[PDB]
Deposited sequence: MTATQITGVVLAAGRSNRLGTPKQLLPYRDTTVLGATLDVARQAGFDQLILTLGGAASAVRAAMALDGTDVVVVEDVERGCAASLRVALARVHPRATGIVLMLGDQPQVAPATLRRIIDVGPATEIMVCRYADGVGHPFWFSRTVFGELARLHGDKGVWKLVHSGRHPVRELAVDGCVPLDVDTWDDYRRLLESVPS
């Protein structure tokens, strides 16, 4: 069997993906973390900033999927998932603070669940695990924004992985980016 990681980075904003962070970029930092997790396959989704991202970073070893400018980038990423993968670990391109250890833990215990989320000190957060059994439902969401409602639904047995600290910062605004740079 296989485990595929999916990084969603198609979010509209200088592109937010290319903002400087820890000697690299925000997206570069996220991908650096994903590359350490031991995924058999890594899929990255990009939007309108695709060309800019490509020219700024080497995307070696990652399956790049491009959408137009939330968009339904998860739907098209699923099309790339290898047949022998029993599910996906889902990560967001603007959440570079995700710990490699958390990814290894969810890779370990995630496959014994239909859906798994991380339980932080201040609530539910990424990474998520989705079993192949829910790929159809994921594809039928209007956009990437619909995942949040799904992981809080009682329709599936959503399991929780306990993680120390609070939820990684989701870098959308300038205030978010300021908060990210502050913690070092």
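Engineer: Numbering the deposited sequence from 1, which residue ranges have no coordinates here?
Structural biologist: Residues lacking C-alpha coordinates: 1 to 3, 17 to 20, 77 to 80, 196 to 197.
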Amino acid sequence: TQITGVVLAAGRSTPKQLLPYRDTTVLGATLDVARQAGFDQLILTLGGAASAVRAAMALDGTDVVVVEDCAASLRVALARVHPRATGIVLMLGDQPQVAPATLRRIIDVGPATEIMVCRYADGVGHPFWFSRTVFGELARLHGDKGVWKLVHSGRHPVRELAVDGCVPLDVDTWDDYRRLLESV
From here on, numbers count along this sequence of modelled residues.
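Engineer: Please work out which of 156 to 164 and 16 to 24 has the higher mean CA B-factor as recorded in the PDB entry.
Structural biologist: Higher mean C-alpha B-factor: 16 to 24.
Engineer: Taking the mean of the C-alpha B-factors per stretch from the entry, tell me the winner out of 110 to 118 and 71 to 79.
Structural biologist: According to the entry, 71 to 79 carries the higher average C-alpha B-factor.
Engineer: Sorting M57, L150, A34, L46 by Cα temperature factor from the record, which one lands on top?
Structural biologist: Each of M57, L150, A34, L46 was compared by C-alpha B-factor; the highest is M57.
Engineer: Quick one: which of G136, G61, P127, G146 has the biggest Cα B-factor according to the entry?
Structural biologist: If I rank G136, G61, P127, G146 by C-alpha B-factor, first place goes to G61.
Engineer: Compared with the other modelled residues in the chain, in which third is the CA B-factor of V65?
Structural biologist: Answer is middle: the recorded C-alpha B-factor places it there.
Engineer: Please rank the C-alpha B-factors of the chain's modelled residues and tell me whether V7 sits in the lowest, middle or highest third.
Structural biologist: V7: CA B-factor falls in the lowest third of its chain.
Engineer: Just say lowest, middle or highest third for the CA B-factor of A52 relative to the other modelled residues in its chain.
Structural biologist: It falls in the top third of the chain.
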